[PDB]
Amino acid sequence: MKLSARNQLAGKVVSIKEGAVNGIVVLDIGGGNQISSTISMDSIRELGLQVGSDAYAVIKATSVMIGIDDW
């Protein structure tokens, strides 16, 4: 499906740390940036994510804050 989430960034799985009900997936999205995602193990398995998979980090605009260097 097509989603309203304003942030949908293509990337490659670099690591998967499995937990009890959740795991943490790291995505290399290019330009030297990586995105860490804390999601359910159910989705990590069901999506077939493993190191090297093509995927997207998907983030709703209301979940994204803005910060600055306070110099």
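Each residue number is its position in the shown sequence, starting from 1.
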### Query
Which is it among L49, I24, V58, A61: the one with the largest CA B-factor in the entry?
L49
#### Entry: Entry-reported Cα temperature factor of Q34, expressed as the chain third it lands in
highest
### Task
Pull the Cα B-factor of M1 out of the PDB entry and bin it into the chain's lowest, middle or highest third.
highest
### Summary
So, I16's CA B-factor, relative to its chain, sits in which third? The lowest
